[PDB]
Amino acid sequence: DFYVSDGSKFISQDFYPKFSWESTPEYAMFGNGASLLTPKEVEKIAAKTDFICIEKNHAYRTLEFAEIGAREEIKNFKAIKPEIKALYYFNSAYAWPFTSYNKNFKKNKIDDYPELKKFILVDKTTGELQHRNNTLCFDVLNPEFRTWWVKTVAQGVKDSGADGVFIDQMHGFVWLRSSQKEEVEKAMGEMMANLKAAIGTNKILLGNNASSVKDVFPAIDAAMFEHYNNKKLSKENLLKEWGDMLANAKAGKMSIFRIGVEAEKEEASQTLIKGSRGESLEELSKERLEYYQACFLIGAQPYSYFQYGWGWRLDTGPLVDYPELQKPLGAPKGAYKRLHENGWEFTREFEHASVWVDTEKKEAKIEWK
């Protein structure tokens, strides 16, 4: 059903990804800086999802540039599953130097490209470029950067053949110029609208954490809830996000409800390193799947999708067998119910499942029919 949880109907556009309530709708987003996906790995992802996104550095160590890695996976996935949608990635804020477009944003090259260096925020006290681990910061207030950036994102979508682009970061480093908050907010909304215009009319623009970003919302076809800290996972914020998923639905937009269990900062993953940390995170994702699956299902709308794992890499979720995500679900039988008044237990029913979740005590049961 295209029915929204308030009885209104969803009106998809022709260029949206495939959607069905047959099992839990899934979005996969991943990269491996080391290499491209093997034959069998493309098959595993493709049988899991009709809607995927290639990450910021994919295969750039072996194909030189991340948009080439993207291009390889668009080709590979479209070959086996023609109806799949594959999104490119680009950050509006951090000048990650993994594409050809951003290759000069490093300490060794940037002084050789003064025209690109003027796009970056400078520390006023030292006169040095601001950075985070030597990754530089775009300045959305600079109109010349915004023009470059839109043209640059369009280039990467066109070269990779992707069906759209995931745009990461909405904040424009407002904390570095908080007196100019309203200007930054407006400038980022203007960037995103100009990008939507420059992109082909069949391209999906996904704004990360943009569902409530007032100036960016009108530009995007899709938004992600990234759940990157415990505040985003709080019982109060989840309640709000189910409301935001409804509003996204009513506006004709797609929602990605993303959970990575590394954001829990659980105690089991305390002082662990390398593969031992990955083993613990995998085992936590398995133990937590029913809870987080239930959290998505309480707010799920048409053209909303679930992404699960413990990171952003090929090896942190996309290749993991979560059999509950393959169980028959069916169309929701209306909107979730708040069990109580003031309590944090919520239920909802689907054709082939019953869902209960307690977002205070962090418990769930999905009864499969």
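Position 1 is the first residue in the sequence shown; the rest follow in order.
Here the stretch with the larger average CA B-factor, out of 278-286 and 137-145, is 278-286. The deposited model assigns a higher average Cα B-factor to 70-78 than to the other stretch when 70-78 and 163-171 are compared. For the set 226, 215, 262, 244, the PDB entry puts the maximum C-alpha B factor at 262. Residue set 304, 316, 57, 342: peak C-alpha B-factor at 342 (per PDB entry). When the modelled residues of the chain are ordered by C-alpha B-factor, residue 18 sits in the lowest third.
Among the modelled residues of its chain, residue 156 has a C-alpha B-factor that falls in the middle third according to the deposited record. In this PDB entry, residue 248 carries a Cα temperature factor that places it within the middle third of its chain's modelled residues. Sort the chain's modelled residues by C-alpha temperature factor and residue 331 lands in the highest third, per the entry. Residue-level temperature factors show residue 91 in the lowest third of its chain, judged at the C-alpha atom.
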